[PDB]
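> Chains as they are written, first to last, in the numbering used here: chain A, 26 to 118; chain B, 208 to 292; chain C, 2 to 110; chain D, 3 to 280; chain E, 2 to 55; chain F, 72 to 357; chain G, 6 to 157. Here a beta-carbon is modelled for each residue, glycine too, at the ideal position from N, C-alpha and C.
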Amino acid sequence: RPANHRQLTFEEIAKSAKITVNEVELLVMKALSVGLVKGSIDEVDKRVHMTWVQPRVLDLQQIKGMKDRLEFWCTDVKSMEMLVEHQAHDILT
Amino acid sequence: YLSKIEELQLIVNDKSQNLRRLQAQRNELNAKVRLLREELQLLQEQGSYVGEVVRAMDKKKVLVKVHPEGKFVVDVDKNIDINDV
Amino acid sequence: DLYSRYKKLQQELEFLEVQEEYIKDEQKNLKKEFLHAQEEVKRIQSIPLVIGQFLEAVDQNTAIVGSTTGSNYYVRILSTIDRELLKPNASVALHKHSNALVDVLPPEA
Amino acid sequence: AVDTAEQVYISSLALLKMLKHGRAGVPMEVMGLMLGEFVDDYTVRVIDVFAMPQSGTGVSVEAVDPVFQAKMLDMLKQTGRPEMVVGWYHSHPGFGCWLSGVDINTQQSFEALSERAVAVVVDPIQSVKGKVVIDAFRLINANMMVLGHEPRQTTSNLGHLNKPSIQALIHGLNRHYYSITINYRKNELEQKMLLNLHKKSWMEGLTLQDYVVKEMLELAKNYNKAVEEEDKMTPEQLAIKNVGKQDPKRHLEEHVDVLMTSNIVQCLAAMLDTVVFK
Amino acid sequence: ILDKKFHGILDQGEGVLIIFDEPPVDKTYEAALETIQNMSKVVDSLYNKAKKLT
Amino acid sequence: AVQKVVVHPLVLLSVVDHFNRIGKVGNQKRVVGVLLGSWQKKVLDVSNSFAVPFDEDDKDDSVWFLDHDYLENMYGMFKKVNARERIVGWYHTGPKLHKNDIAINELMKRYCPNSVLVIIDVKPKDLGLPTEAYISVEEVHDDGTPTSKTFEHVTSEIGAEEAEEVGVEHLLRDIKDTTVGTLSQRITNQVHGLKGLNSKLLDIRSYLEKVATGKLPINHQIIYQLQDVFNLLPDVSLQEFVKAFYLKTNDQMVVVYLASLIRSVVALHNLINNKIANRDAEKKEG
Amino acid sequence: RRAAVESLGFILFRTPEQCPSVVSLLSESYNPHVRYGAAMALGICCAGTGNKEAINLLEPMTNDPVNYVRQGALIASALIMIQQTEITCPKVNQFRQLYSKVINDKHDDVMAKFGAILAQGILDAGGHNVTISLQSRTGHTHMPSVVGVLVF
Ligand SMILES: [Zn+2]
């Protein structure tokens, strides 16, 4: 899922997990005890919270995530580093 | 009558001169601050020994007994008289 | 002479405004030089300093110092040490070649 | 014959081997050799200085094994390019310098063998990055005493070599000696790269790895209270009267630059989120 | 809570009654105590300043 | 085994001087030499090295020549003058690796089991870091070949030693230690930002070149597995630190209140001394 | 740096009346180079001036701690005192007996007293008949008085 939704619902868990609405707490606490993810779940509304995870490749040879995040970030911090230079133009003097 | 009074206006220019002269004085301040710091090689030297002058003798020398050691007839510097030794 | 006086006042002005920049740069330089003076002289630290004794100062910063080699010497002390740490004495820290007063050891108490 | 101011261009490898070989030569005053090129009378560039094995008897020319030289330089024959052994070096690794008796042991030997035969006196103590502590000289004949010993054709470098006001035992032994100039030649390809690898190594942070940001500000607000009240307590007792007394005790209170630079660091390191992030 | 304290503010609807404060903040206090006397010095110097001129 | 080192630039000039040996006479144009190492700790240490007379041909690229008197008994003379220094590895130029590397690896491992070679550069105008360090282990592959001695990399670093810059830093004179606040960190800013995201532009560029025609990093899946370690932050279309909204507010909080309070007190430092000192020394007319 | 403080009178001898105010703290540099070239700068700059400020500033330059800047300051005293007569500045005979002081004693610096009699000869070039001439009546500058002095 294309993040920025990490604290979320439970019906997609009870739908894709082929589990019920009730048995998601066993699910999340046992999955934390396994050791593939380490985020302490917001349990009051069955709201997920996640950490480090193991990947299975992105867009078909990692086109889209790589471009629109990696190179977007490249030109982000690169060009705003040029802006750091632009305001720090002669503070080296 | 433009080309008369611009010359007078060129003393706003001369305000930079006073500031120039005075920061030249400011540099002249640090010049002997740095000379005081350059002086400190004299601190970097072995100073001297103490000595027991028992009694002087003729012909512009004295005797000196060093603190654990024996006596040593030694020579003087240019700044000291045997009348004062 | 209003074509040549007004010519050359500008000239001597631009001269002195160039000549200001030299001393502006030297004032930039010598503060760095004085900092290099500060720290690169104050590396005079504890190269394994010896314990001795302090006896006399003829004036400001020129000592007469006894040692735990027993004898008595005649050196100068730095521009750093406070003059009310040696007030009859101290357990003192001395260099070796320069053999000058560096520091006050903690007394026995 | 005629005399003109001799110049010692040094290889910077020689500087490194002198400091290292005398550093390992811990107090026991090691001996090594100098291996160089005969350009003229008034200059010498040394190109190679290698190591000689430690002898615990007495620092001598008789410890110089010539077949050790033959074998070592034999390995060095096809290795790069060999040259003439043009001198030697001993060590006084704690104190500055003096003109040893080891000089008058081996110097006549190497001025018999070689021609320029430069004595070399060394010390590592006097600094770590900013001095020229090594010292070098050369024995004078007794036969030139009919000549008065004041010709020198380029007296800028004797006006730079006499200029440091020569210290103790050198002019205790002005006789049997005459000095020699030792500059550091053009070594810029190494100079710039050790400048790089000094403010890239010998100052911490390999620049990917600096951008302590906060706990230093906890300790620094401890600083900026504890330093502050002492900056407060003192200038109350400034010359609040009309006295014309002129005798200061000097303590120069001010404490400005700590605040200044530390808080520029704090603000531009609080910038790190908006800087490195987006 | 009234007369004495252990700085327990009335936390009616939480369930802990959280007992909290940060007593070392006194860099700001100390700077205030500085300013109060720093300009006592300055005001004492102003007499010289506006006296020795005219 | 070998993890990080302590290396002093005497080896660096011991590279550059043999570069002066074979540069003007340049026929095989390469400086390949032996790295003596005072192996003290798990951290390595070097204070000596020598360059072997050596060649390396292109055809079949496995013809190469040591000098085993210069390798054995020169090392023995060195062991006599310094037994603390012993062998730890070697070094070469030509940072493009090749096929003879594994052969001199085969011979460097019999002198020292956890050996390490050094890829150098003769002109680093780099970001920069100095010369390289490897580690030779056998992981063979997922392939089933006879033993694959593929060069694994040790993270290289530099140490220090007393009294080894005495004339050199004296000659440069451009030494400026205490100026962090204007320049010494903006250099790092320019450096890690631009030079890390352009190495990352080589990452996207090289790996999209693998997408087009290349390895397409399968079977070393640690590539995108570690781009997931990058992808701790996904930053999806609102850049997603609106949970760090108040956290960044509370971060701006502390330092900007420090800024306001402390710099007002910094004014209270500057102004009073400046005005009093100036008014005194100015109204003293003579 | 020495060449930079040597080029000054070479480019500014049409107006020698600014050199004291601009080489003033240059006479108080760190090295023998800029101090030496500073003495020479006031020397080759203010040749025909009846200035005596250049003289007054060469006074702590001829009493400097560095030896061959005292040499070069005697030579700069020769430079200021030519295109100058006795009554142009009252220290001409003071510098004659001052050269005499420093050279006719032995205990002063040999390298720093070499300049004294050579500077006397500069001062008595033809018995003040002949002197240096950077600036003609025509304004055509003279090639010995530029080229020879820069090599000198
Ligand atoms: Zn020795």
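Does ligand 1 have a heavy atom nearer than 7 Å to the CB of D:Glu31?
Yes, the Cβ of D:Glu31 comes within 7 Å of a heavy atom of ligand 1.
> CA-CA distance, G:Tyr35 and C:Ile24?
Distance between the alpha carbons of G:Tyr35 and C:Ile24 is about 14 Å.
> Can you name the start and end residues of the beta strand (DSSP E) that residue 115 of chain C belongs to?
For chain C, the structure presents residues 2 to 110; residue 115 of chain C sits outside this window and is missing.
> Are there any heavy atoms of ligand 1 lying less than 7 Å away from the beta-carbon of D:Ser93, as far as the coordinates show?
Correct: D:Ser93 has its Cβ closer than 7 Å to ligand 1.
> Please list, in chain order, the residues of the segment 138-157 of chain D that have any C-beta partner in chain G closer than 7 Å.
Per Cβ criterion, the list reads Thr157.
> Give me whichever residues DSSP pairs with A:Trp98 in a beta bridge.
A:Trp98 is not bridged to any residue.
> Which residues in the same chain have their Cβ closer than 7 Å to the Cβ of G:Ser82, if we skip the five residues on either side of it in sequence?
The answer, listed in chain order, is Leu63, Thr67, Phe100, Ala124.
> Taking only beta carbons into account, state which residues of the segment 227-249 of chain F come closer than 7 Å to chain D, listed in chain order.
Residues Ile229, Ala231, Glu233, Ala234, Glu235, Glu236, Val237, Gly238, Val239, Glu240, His241, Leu242, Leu243, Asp245, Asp248.
> Are C:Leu79 and B:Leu250 closer than 8 Å when you measure CB to CB?
In contact: C:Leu79 and B:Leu250 (Cβ atoms closer than 8 Å).
> Check each candidate in D:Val135, D:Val124, D:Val260 and name the one with the smallest Cα separation from D:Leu221.
Checked all of D:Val135, D:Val124, D:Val260; the closest Cα to D:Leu221 is D:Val260.
> Under 9 Å Cβ-Cβ, which residues of chain C neighbour B:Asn286?
In chain order: nothing, as chain C lies at least about 14 Å away.
> Residue 2 of chain D lies in the alpha helix (DSSP H); which residues open and close that run?
Outside the displayed span of chain D (3 to 280) sits residue 2 of chain D, for which this structure offers no information.
> Exposed or buried, C:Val19, counting other C-beta atoms within 10 Å across all chains shown (16 or more means buried)?
It counts as exposed.
> From which residue to which residue does the beta strand (DSSP E) around D:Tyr179 run?
It is not in any beta strand (DSSP E) - D:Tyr179 carries neither H nor E in the DSSP assignment.
> Measure the CB-CB distance between G:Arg40 and G:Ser32 and report whether it falls below 8 Å.
Yes, they are a contact pair.
> In chain F, which residues lie less than 9 Å from D:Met218 when you measure between Cβ atoms?
None at all; the shortest Cβ gap to chain F is about 12 Å.
> For F:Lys196, tell me which candidate among F:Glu280, F:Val262, F:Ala283 has the shortest Cα-Cα distance.
The shortest C-alpha separation from F:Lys196 is found at F:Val262.
> Rounded to the nearest angstrom, what separates F:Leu81 and D:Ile12 at their Cα positions?
Distance between the alpha carbons of F:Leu81 and D:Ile12 is about 15 Å.
> Confirm the yes/no value for this check: CB of D:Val104, any heavy atom of ligand 1, distance under 7 Å.
Yes, ligand 1 has a heavy atom inside 7 Å of this Cβ.
> When we look at the beta-carbon of F:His291 and count the other beta-carbons within 10 Å, is it buried (16 or more) or exposed?
With fewer than 16 Cβ atoms within 10 Å of its Cβ, F:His291 is classed as exposed.
> Starting from C:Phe35, trace the alpha helix (DSSP H) in both directions and tell me its first and last residue.
Counting along the chain, the alpha helix (DSSP H) containing C:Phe35 begins and ends at 6-42.
> Starting from the beta carbon of D:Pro237, find every residue of chain E whose beta carbon is closer than 9 Å, and list them in chain order.
Under the 9 Å cutoff, chain E gives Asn39, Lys42.
> I want to verify the contact list: residues of chain D whose CB lies under 7 Å from the CB of A:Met105, in sequence order.
Per Cβ cutoff of 7 Å: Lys280.
> Check whether the Cβ of C:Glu41 lies closer than 8 Å to any Cβ atom in chain D.
At least one chain D Cβ lies under 8 Å of C:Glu41.
> In the structure shown, what three-state DSSP assignment does F:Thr259 receive?
Helix at F:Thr259.
> Please tell me whether F:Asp306 and A:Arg94 are closer than 8 Å, where the distance is taken between their beta carbons.
Contact flag set, yes.
> Out of B:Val257, B:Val283, B:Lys239, B:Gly254, state which residue places its alpha-carbon closest to the alpha-carbon of B:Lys268.
Checked all of B:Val257, B:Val283, B:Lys239, B:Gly254; the closest Cα to B:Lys268 is B:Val283.
> Could you tell me the distance, in whole angstroms, from the CA atom of B:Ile289 to the CA atom of B:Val260?
Going by the C-alpha atoms only, they are around 11 Å apart.
> In angstroms, rounded to a whole number, what distance separates the CA positions of F:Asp322 and D:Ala272?
Whole-angstrom Cα-Cα distance: 8 Å.
> Whole beta strand (DSSP E) runs in the segment 128-183 of chain D with 3 or more residues, listed along the chain?
List check, beta strand (DSSP E) in window: 137-140.
> What does E:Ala32 reach in chain F if we use C-beta pairs closer than 7 Å?
Under the 7 Å cutoff, chain F gives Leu332, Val336.
> Classify A:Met91 as helix, strand or coil using the three-state DSSP reduction.
Helix at A:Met91.
> What residues are listed by DSSP as bridge partners for D:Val10?
According to DSSP, which records beta bridges pairwise, D:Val10 is partnered with D:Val46, D:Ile184.
> Can you tell me whether B:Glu235 is buried or exposed, with buried defined as 16 or more other CB within 10 angstroms of its CB?
With fewer than 16 Cβ atoms within 10 Å of its Cβ, B:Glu235 is classed as exposed.
> Ignore the nearest five residues each way along the sequence and tell me which others in D:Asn159's own chain have a CB closer than 8 Å to its CB.
So the list reads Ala7, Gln9, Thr183, once near-sequence residues are dropped.
> Would you grab the beta carbon distance between C:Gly53 and C:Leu86 for me? Rounded to a whole angstrom, and I think it's under 8 Å.
Rounded, the Cβ-Cβ distance is 15 Å, inconsistent with contact.
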